[PDB]
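In structure tokens, one chain follows: the form deposited without the partner chain.
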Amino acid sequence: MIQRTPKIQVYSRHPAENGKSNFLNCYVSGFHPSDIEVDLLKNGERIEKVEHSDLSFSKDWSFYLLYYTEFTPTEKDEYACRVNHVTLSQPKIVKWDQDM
């Protein structure tokens, strides 16, 4: 068996074809086993609607998740990723830095 803790990155992107659109992204990478729970949060509450969730693997024992959706941030709001995995004894919460 092998188990690997995911790396978690949270960041925002505008598609170059429509620069007015802003997306909040969470790249959850290099994890094993594949079983996992991943949420975006706004001021601590779960965002129910996330339009994209794209899973892949490299080696048979290494998975990658891109989880992202359109959003309209303000300076007041705090956004975060919340990840549960068997390698994590407590849910891991990674805050979005608004400059990223």
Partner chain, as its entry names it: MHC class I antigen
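Numbering follows the first chain given and starts at 1.
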| item | value |
| --- | --- |
| Which of 41 to 49 and 24 to 32 has higher mean CA B factor, as the PDB entry lists it | 41 to 49 |
| Residue range whose averaged C-alpha B-factor is higher in the record, 11 to 19 or 79 to 87 | 11 to 19 |
| Ranked against its chain, the third holding the CA B-factor of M1 | middle |
| CA B-factor ranking of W61, expressed as a third of its chain | highest |
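Same protein, other form: the form deposited with the partner chain bound, not shown, and the subject of what follows.
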{"property": "Neighbours of the partner chain in the bound PDB entry among 29 to 52 [non-hydrogen atom within 4.5 angstroms]", "result": "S29, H32, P33, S34, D35"}
